[PDB]
């Protein structure tokens, strides 16, 4: 997250860290949201590769013990059937992970609330992005969970030529674009929490930013629109 602030430990308890085995260590690669006790939602491009993955719930500081973590393996990865590793702009940047065990819910560890199917936000709706991804373009990961206020940019404005053009589809949410605050590599797969009727619901999955750089004026961070996938989500979860 570029231009963020540290989150309080218990602000965003649906946030997870998606980590892969790197020698004999585990490094952060992506975020994700806990959607059931044994199901994580993340981006398809995070799990494109042949790596060994783990999920950390209850994480606040990547580098230090919090006293709250639960560490769990990934049993099955289900990527969306239309996802094409060579075209992120085509969309379907969404993957569901069945974990090796159920996690225990507590104040650090809660499920993420998902929008009702078809839901579209108004322009300039209040949302926060969270993640441990790079805090500058070509910079480094954060140690502690950062948040940024990142208001929405509706489709008519986001698919306008000054913004994203035809690169963004109606199956995506756009948020931010102020040049100062954004998502960045390592935030991918993570939540966009948006305030709706007094409750924060996860409306996005962080997908892509500009090749020019993470915080680019009029290149808002782009999200997979969670409300476009609600039937797919539930169909996966019933059947696995």
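Numbering follows the first chain given and starts at 1.
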{"item": "Entry-level comparison of average CA B-factors, 43-51 and 173-181, reporting the higher stretch", "value": "43-51"}
{"item": "Segment of higher mean CA temperature factor, 147-155 or 80-88", "value": "80-88"}
{"item": "Out of 71, 132, 128, 163, residue topping the C-alpha B-factor column of the entry", "value": "163"}
{"item": "Criterion, highest CA B-factor; candidates, 213, 58, 191, 186", "value": "213"}
{"item": "Chain third (lowest, middle, highest) by recorded CA B-factor, residue given as residue 2", "value": "lowest"}
{"item": "Within-chain third of residue 110 by Cα B-factor, per the entry", "value": "lowest"}
{"item": "Modelled-residue ranking by C-alpha temperature factor, third containing residue 34", "value": "lowest"}
{"item": "Chain-wide C-alpha B factor ranking for residue 197, given as lowest, middle or highest third", "value": "highest"}
{"item": "Residue 62, C-alpha B-factor rank within chain (lowest, middle or highest third)", "value": "highest"}
